[PDB]
Amino acid sequence: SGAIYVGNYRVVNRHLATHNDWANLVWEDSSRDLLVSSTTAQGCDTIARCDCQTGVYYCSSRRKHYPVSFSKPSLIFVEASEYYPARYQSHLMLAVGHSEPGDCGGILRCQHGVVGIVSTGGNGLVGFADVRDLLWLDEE
Ligand SMILES: NC(=O)C[C@@H]1CCCN(c2ncnc3ccccc23)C1
Ligand SMILES: [Zn+2]
């Protein structure tokens, strides 16, 4: 589990969104595994606006933050899950790293701020849903 709290937005994996998230929905995109809901309190996270390919992510199944090199956001194949049919997830970045399903929501960050959240993984791969192109998270 995990979320990004930026301004009056809460960014979570769409597959982990709560009823309160759907009842206060701002935007959602199944192809990206992302959902954004509105919050009453202002958040402290800042979004990175960059093309970094190195950063650090949080892995809840190890209680550890790991430095990783990651690919550029792309259209990748993801295995069938009870959350998604096997399919093409967009804006996804891959790195070598431990992941379990519960780890989704962990933040990946670089020197500029939050880059994305754990979204996929398996066999020593971890995938991250990028949020750096969502410029509207910084306003309104
Ligand atoms: N965006 C998606 O397709 C959601 C899937 C749902 C099922 C779990 N998926 C995984 N995520 C992270 N780490 C993992 C480690 C081992 C196995 C699976 C995963 C993410
Ligand atoms: Zn950066």
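Read the figures in this text as sums done on the coordinates, not as results from a lab. So basically every Cβ, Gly included, is an ideal-geometry build from the backbone, and we count neighbours across all protein chains shown.
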| field | 222 nm mean residue ellipticity, helices alone, for the chain (DSSP H n ≥ 4; -39,500 (n - 2.57); rounded to 500) | value | -500 deg cm²/dmol
| query | Under the Karplus relation 6.51 cos²θ - 1.76 cosθ + 1.60, θ = phi - 60°, what is the ordered set of whole-Hz ³J(HN,Hα) values for region 77-85, x standing for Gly and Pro? | reply | 6, 10, 4, 4, 9, 8, 9, 9, x
| field | Surrounding net charge for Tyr66, when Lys and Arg each add one and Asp and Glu each subtract one, Cβ distance under 12 Å | value | +3
